[PDB]
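From first to last, the protein sequence lines are chains SZ, 3F, 3H, 5K, SK, RB and 5H. Per the deposited numbering, the first sequence starts with residue 4, numbered consecutively. Letter by letter, the second sequence follows residues 58 to 77, 102 to 166, 184 to 375, 394 to 570 in the deposited numbering. Per the deposited numbering, the third sequence starts with residue 5, numbered consecutively. Per the deposited numbering, the fourth sequence starts with residue 64, numbered consecutively. Per the deposited numbering, the fifth sequence starts with residue 12, numbered consecutively. Per the deposited numbering, the sixth sequence starts with residue 224, numbered consecutively. Per the deposited numbering, the seventh sequence starts with residue 536, numbered consecutively. C-beta: ideal position from N, C-alpha, C; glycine also.
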Amino acid sequence: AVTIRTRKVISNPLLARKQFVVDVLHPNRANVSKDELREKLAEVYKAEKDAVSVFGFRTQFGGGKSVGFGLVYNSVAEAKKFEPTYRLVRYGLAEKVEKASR
Amino acid sequence: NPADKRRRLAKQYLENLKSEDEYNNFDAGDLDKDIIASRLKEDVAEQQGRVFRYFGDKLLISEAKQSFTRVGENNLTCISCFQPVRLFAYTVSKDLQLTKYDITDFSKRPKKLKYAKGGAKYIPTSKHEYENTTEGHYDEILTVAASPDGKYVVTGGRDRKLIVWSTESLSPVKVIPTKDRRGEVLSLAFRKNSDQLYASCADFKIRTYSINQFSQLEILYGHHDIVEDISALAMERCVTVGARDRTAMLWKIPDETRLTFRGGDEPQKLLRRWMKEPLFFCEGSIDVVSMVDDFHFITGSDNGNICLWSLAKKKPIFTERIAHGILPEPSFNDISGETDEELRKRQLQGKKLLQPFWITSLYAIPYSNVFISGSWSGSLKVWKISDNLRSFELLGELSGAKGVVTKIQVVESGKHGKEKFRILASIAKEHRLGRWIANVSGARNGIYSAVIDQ
Amino acid sequence: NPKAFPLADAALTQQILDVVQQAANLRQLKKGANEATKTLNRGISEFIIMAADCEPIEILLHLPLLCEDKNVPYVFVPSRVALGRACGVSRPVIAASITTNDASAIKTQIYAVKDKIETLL
Amino acid sequence: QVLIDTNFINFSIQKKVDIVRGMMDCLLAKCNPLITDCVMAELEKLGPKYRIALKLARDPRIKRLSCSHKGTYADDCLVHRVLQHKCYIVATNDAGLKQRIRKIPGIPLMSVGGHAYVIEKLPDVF
Amino acid sequence: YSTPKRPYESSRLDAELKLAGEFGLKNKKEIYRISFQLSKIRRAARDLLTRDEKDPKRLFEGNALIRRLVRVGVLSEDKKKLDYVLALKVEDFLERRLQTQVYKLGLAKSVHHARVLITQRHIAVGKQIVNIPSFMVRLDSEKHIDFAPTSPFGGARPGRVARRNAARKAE
Amino acid sequence: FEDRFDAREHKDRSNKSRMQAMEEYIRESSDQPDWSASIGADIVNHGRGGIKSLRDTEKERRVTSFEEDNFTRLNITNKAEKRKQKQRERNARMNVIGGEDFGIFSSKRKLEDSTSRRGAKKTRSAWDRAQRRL
Amino acid sequence: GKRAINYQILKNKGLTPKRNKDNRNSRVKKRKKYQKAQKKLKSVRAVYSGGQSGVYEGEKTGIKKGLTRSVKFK
RNA sequence: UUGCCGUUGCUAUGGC
Ligand SMILES: [Zn+2]
Numbered sequence: 004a005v006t007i008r009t010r011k012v013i014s015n016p017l018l019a020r021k022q023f024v025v026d027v028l029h030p031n032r033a034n035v036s037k038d039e040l041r042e043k044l045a046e047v048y049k050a051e052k053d054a055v056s057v058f059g060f061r062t063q064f065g066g067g068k069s070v071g072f073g074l075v076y077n078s079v080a081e082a083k084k085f086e087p088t089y090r091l092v093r094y095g096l097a098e099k100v101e102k103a104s105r
Numbered sequence: 058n059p060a061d062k063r064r065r066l067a068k069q070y071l072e073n074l075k076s077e102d103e104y105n106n107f108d109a110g111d112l113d114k115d116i117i118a119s120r121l122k123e124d125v126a127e128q129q130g131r132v133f134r135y136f137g138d139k140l141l142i143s144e145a146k147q148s149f150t151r152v153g154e155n156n157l158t159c160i161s162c163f164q165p166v184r185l186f187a188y189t190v191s192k193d194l195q196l197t198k199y200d201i202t203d204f205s206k207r208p209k210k211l212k213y214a215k216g217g218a219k220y221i222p223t224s225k226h227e228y229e230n231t232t233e234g235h236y237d238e239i240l241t242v243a244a245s246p247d248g249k250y251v252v253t254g255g256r257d258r259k260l261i262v263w264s265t266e267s268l269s270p271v272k273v274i275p276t277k278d279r280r281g282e283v284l285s286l287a288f289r290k291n292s293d294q295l296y297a298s299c300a301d302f303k304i305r306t307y308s309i310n311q312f313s314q315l316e317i318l319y320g321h322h323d324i325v326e327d328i329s330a331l332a333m334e335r336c337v338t339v340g341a342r343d344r345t346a347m348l349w350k351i352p353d354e355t356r357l358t359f360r361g362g363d364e365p366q367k368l369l370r371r372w373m374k375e394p395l396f397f398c399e400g401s402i403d404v405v406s407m408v409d410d411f412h413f414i415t416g417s418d419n420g421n422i423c424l425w426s427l428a429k430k431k432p433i434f435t436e437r438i439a440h441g442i443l444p445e446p447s448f449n450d451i452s453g454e455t456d457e458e459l460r461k462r463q464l465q466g467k468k469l470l471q472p473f474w475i476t477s478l479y480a481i482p483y484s485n486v487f488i489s490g491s492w493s494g495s496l497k498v499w500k501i502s503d504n505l506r507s508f509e510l511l512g513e514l515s516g517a518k519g520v521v522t523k524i525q526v527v528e529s530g531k532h533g534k535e536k537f538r539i540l541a542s543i544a545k546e547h548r549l550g551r552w553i554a555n556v557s558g559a560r561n562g563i564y565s566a567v568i569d570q
Numbered sequence: 005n006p007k008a009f010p011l012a013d014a015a016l017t018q019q020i021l022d023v024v025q026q027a028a029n030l031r032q033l034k035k036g037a038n039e040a041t042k043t044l045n046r047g048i049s050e051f052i053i054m055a056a057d058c059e060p061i062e063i064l065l066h067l068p069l070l071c072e073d074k075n076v077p078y079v080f081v082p083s084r085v086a087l088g089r090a091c092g093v094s095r096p097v098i099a100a101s102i103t104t105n106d107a108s109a110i111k112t113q114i115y116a117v118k119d120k121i122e123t124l125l
Numbered sequence: 064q065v066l067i068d069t070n071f072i073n074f075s076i077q078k079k080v081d082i083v084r085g086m087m088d089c090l091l092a093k094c095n096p097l098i099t100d101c102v103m104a105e106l107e108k109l110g111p112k113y114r115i116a117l118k119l120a121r122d123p124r125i126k127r128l129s130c131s132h133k134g135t136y137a138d139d140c141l142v143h144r145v146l147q148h149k150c151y152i153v154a155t156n157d158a159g160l161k162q163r164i165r166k167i168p169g170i171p172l173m174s175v176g177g178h179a180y181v182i183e184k185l186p187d188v189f
Numbered sequence: 012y013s014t015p016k017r018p019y020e021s022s023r024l025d026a027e028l029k030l031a032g033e034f035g036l037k038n039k040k041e042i043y044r045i046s047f048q049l050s051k052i053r054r055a056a057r058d059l060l061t062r063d064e065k066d067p068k069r070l071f072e073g074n075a076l077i078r079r080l081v082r083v084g085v086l087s088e089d090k091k092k093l094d095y096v097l098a099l100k101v102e103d104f105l106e107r108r109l110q111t112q113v114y115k116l117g118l119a120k121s122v123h124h125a126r127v128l129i130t131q132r133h134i135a136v137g138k139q140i141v142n143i144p145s146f147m148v149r150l151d152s153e154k155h156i157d158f159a160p161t162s163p164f165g166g167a168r169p170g171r172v173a174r175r176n177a178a179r180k181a182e
Numbered sequence: 224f225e226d227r228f229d230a231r232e233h234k235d236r237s238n239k240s241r242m243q244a245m246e247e248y249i250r251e252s253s254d255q256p257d258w259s260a261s262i263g264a265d266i267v268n269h270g271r272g273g274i275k276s277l278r279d280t281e282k283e284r285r286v287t288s289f290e291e292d293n294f295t296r297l298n299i300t301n302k303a304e305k306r307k308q309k310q311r312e313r314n315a316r317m318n319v320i321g322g323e324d325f326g327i328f329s330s331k332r333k334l335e336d337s338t339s340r341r342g343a344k345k346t347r348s349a350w351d352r353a354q355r356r357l
Numbered sequence: 536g537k538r539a540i541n542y543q544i545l546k547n548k549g550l551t552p553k554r555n556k557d558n559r560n561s562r563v564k565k566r567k568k569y570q571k572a573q574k575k576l577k578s579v580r581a582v583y584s585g586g587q588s589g590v591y592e593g594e595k596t597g598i599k600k601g602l603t604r605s606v607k608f609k
């Protein structure tokens, strides 16, 4: 059973966003399991599962803890506006390939 | 003078480091971080709460309604209580039984509701340290802890298990073993208004759990003897005390760092301090804690000390040397075996082998001005801490509790200026860890409740 | 001079009880009066701690004669209850013994306590 | 603790090494230097040319033993009292005494070489 | 590290024989490394003795040196003098390593059993599994050397040999 | 003549004089505790590195504070890492023994010259030293 | 149809003497030359083995009334 | 008001 801890929750009205640091705790598990972590984050906060996102995962030595960077949006459309395209390729729906020449 | 030169050179050093009040006094980085402080959320859990309940001299002391409800369980060990924002209490014994009480009928003795008794039936069929997932206690339940929300009680003892029982039925919902051979739990404390438990296990270890997720958060290491007591408040700090290493540590649990506080009273300098014009001495083992607020706490020792410690001083702020008396010396008909009283008196060596009572229970009411100490002197003591927070002082005594006090905690009633509390104290005739206790002087295994007023 | 003569004061008592607790964790402590006299006549003992307040006193005063015979330091702690609590068992003990070991991780501490109680004695 | 003899003292003064400070920065340990009464007898018998060496051997930091034999043969006295006990460093520069001492086992040997003292049969010098 | 002056004298060979046999060392490089940095330590303490009392260097670097030597654990709490740093030596330093300490605490039956426990990761001081044998445990990490909870000598699930034998005996 | 804006003289240096012996004495006589870690959490590569030194855990705490503070991972920037990580870990395994660095005892740097013996409060008058005492 | 190479052409250990299993590990060699050394030490000195084990049976090896193994002075 | 047992109160105590 994974365990979740949010810390230092601030609000960004300019980016319509709420951001925090994510202490993810998995004793006798491998690692963070980021999609399941987005599920757990989207249910501890409000619904917006295609508007919650995590990117900066570092597991400490020997496992157990990992610190990530969590940012949760309202309004999935403006989340699609404000998130970068590589994270949208990683998690959500966007896929535009670069033209392979030279 | 070498220490004078050390102090002088350290002062010059700090002056030089400063080298490398006006009308304008504003610093850009400080005010930017204060803008981020105005931007952030969650001013809820992390209150550095000071002492906001100044009521020590206010309430009455000497005429409490003291009911010592004796129960038929050998050597009660712990007491857990609960208040929402009807009140239940919990006791547990060395006879492997948990017992639920109702306590909310305030003017009278508590009411038994439900047993939950483990026994020899719950010994595991493996003797293997990770299939310890049975549903009951087979050895020596040492501590209970009620949830701050009241869905669960969680208990554990020398069978190295944490069994979490439901409140409404006293049923084991989940079993979490501590996965090693010496992993006996000795103290449990929820952080206040939460679902997070801090257990202190004799592996020099502190385990943390989230109870409603059935998960373990963090194991944190660092004491040097068994972590005999634990204490927590609404902050994610914690305060533990290991027994014989004579240090109390407090843990930033997310950072996994600590502040250590050693003791350090010596009878040489103490008897010289009295010699400038006396039966007091060094320290055995720091035993019990309770975090009074988020800047101070208090420790109960093995030589009867009660000490008051701040968050900003390694050495303690205040001591109180003898807090429950010195024990009655062993009789001349039970020391020597000679015939004459002169030689049987010579076998007492005067005052050299008088040992003090050791405080085996201490409870600070959270953020309040008053704490309660208990041992087998027969009389609980009530002390209030002065409003400048650099001393405490004995208010009164509660003399209706014959036996060892294995647990003290209080139950609140009344509003902001008019209040009444019932002090529960588990009374046994045997210390909560080993036996060690002779001269059982009229003790009974009961619950000493007192109703204090105003 | 009482019968339980070379008693320790409070600082030496706590030094003794701390190394007793560590030897009990390291399986280097034989606790109890007849186990102590067994290990004393066997010769595997570095110093013996007797508690000077048990209900008779000659019950352990038999041991100073044995220690004197075999030249072993002996010291009197003034609490059998604290001695048992340091020994780590759930009862008071009246005598305990630190057995000799050279694959022992507390040999310096045991030797320092031996020197202190021998200059006392 | 280091037993000195006369040519070690003479070579110390000829190379301008202090006795206890040269011993300390040779061994990186605290040294107790010992002048036996036969080494002292030999320094006194060396005459009034060696007054500087004699009153540098007269030093309160250099402790001194009391040999109990007839005659003042320091090489015999040093060899006997070192092969009796094996708790001694021998500081010497005699070739014959150096060969005797390094033939008897377990005895470290110190000697003035260059501008500081050297030590050979002590296996823990760094 | 650095090689000694006369590396092949018979006292040095019997010295290294006793050290490597009594502490389970693999070669001469363990002794030479720990003795090289001990040489630096007490070559510094020699200069701290050759300067005088009430020298600032002596006062501050002396109590700094003896306090961090006490916290490494090679020096006891009561000898807070600076000549004990000169009396210090090499096996006082390699009694502090984790192989020696595992054997002395009795989790292993010899120093070689301790070395293979450490390199097979059954030993964890504090939180982290330590896996190299020459670790130099400190006076606060002295009492949390225990079996790792990820290991069958702790309380964990038994290894591949035990479970394969159990399966084949179940067949 | 005229003024010229000098950030090197109103910049916080505080490091020319930061000596570890003085800082250790201040930590000894500090009378407030020191934020030490739970004891296993500060060793680094299962013991393949050291424990970690006090300056290294201070620098690690600073990096994680800046890290969480503006949401950015630091990187593997080649020139700075080939200098600092390799030279730092090699002098760590040289001089850091058991979580304690002994490099300073092997280093010529005068204590009283730079970090003690005050320069502003030099008191070069009998009257000024008399008023500085009284 | 793949004529694979074999061990003597692969590792090329041409014509070596017979060597030692204890030499294949640097640690086990010093474990077994220290056991040899401390078995030789019982021959030269007399080693304190740990005192009297059980009942004193006797000297078990002989008593010489002519030999005196004590260091005379000068 | 309890594992027994006694005084019990018409509720409090004290021996294992
Ligand atoms: Zn002579």
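- Taking 8 Å as the CB threshold, residue 17 (chain SZ) stays off the interface with chain 3F.
- By the criterion of a C-beta distance shorter than 6 Å, residue 66 (chain 5K) is surrounded in its chain by 97, 141, 151 and 153, once the five residues flanking it on both sides are discounted.
- In the structure shown, the three-state DSSP call for residue 80 (chain 5K) is coil.
- Residues of the region 257-282 of chain RB with a Cβ closer than 8 Å to any Cβ of chain SK, in chain order: 261, 262, 263, 264, 266, 269, 270, 271 and 274.
- Linking residue 30 (chain SK) to residue 42 (chain SK) through their CA atoms gives a straight-line distance of about 8 Å.
- Distance from the C-beta of residue 68 (chain 5K) to the nearest heavy atom of ligand 1 is not below 7 Å.
- Each of 547 (chain 3F), 568 (chain 3F) and 558 (chain 3F) was checked against the Cα of residue 94 (chain 3H), and the nearest Cα belongs to 547 (chain 3F).
- In this structure, residue 406 (chain 3F) and residue 480 (chain 3F) form a Cβ contact; the two beta carbons are roughly 4 Å apart against a cut-off of 8 Å.
- Residue 19 (chain SZ) and residue 298 (chain RB) have their C-alpha atoms spaced approximately 28 Å apart.
- For residue 152 (chain SK), the C-beta contacts it makes with chain RB under 7 Å involve 262, in order along the chain.
- Within the model, the alpha-carbon separation for residue 49 (chain SK) versus residue 280 (chain RB) is close to 25 Å.
- Annotation: residue 136 (chain 5K) is outside any beta strand (DSSP E) and is labelled neither H nor E by DSSP.
- Looking at 330 (chain RB), 253 (chain RB), 269 (chain RB) and 229 (chain RB), the one whose alpha-carbon comes closest to that of residue 64 (chain 3F) is 253 (chain RB).
- With contacts defined as CB atoms closer than 8 Å, residue 257 (chain 3F) and residue 233 (chain 3F) fail to qualify as a contacting pair.
- A check of alpha carbon separations from residue 497 (chain 3F) across 440 (chain 3F), 525 (chain 3F) and 295 (chain 3F) identifies 440 (chain 3F) as the nearest.
- Within the chosen limit of 7 Å, ligand 1 reaches the beta carbon of residue 130 (chain 5K) through at least one heavy atom.
- A distance below 8 Å separates the beta carbons of residue 137 (chain 5K) and residue 105 (chain 5K).
- Membership of residue 479 (chain 3F) in the beta strand (DSSP E) is indicated by the continuous run 477-480.
- Nearest to residue 34 (chain SK) by C-alpha distance, out of 100 (chain SK), 107 (chain SK), 180 (chain SK) and 52 (chain SK), is 107 (chain SK).
- Between the region 6-17 of chain 3H and the region 42-62 of chain 3H, the count of Cβ pairs shorter than 8 Å is three or higher; the stretches touch.
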